[PDB]
Amino acid sequence: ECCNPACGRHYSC
């Protein structure tokens with residue numbers, strides 16, 4: 001959503 005859409009487009013943190 002900001003930081004964790006997908007861990008900033010990587011995966012999801």
# chains A, B, ... in the order shown; residues from 1 in each chain; ligands from 1
$ residues_around --residues "residue A:13" --least-positions-apart "6" --cutoff "7 Å" --atoms "only C-alpha atoms" --output "list in words"
residues 4, 6 and 7 of chain A
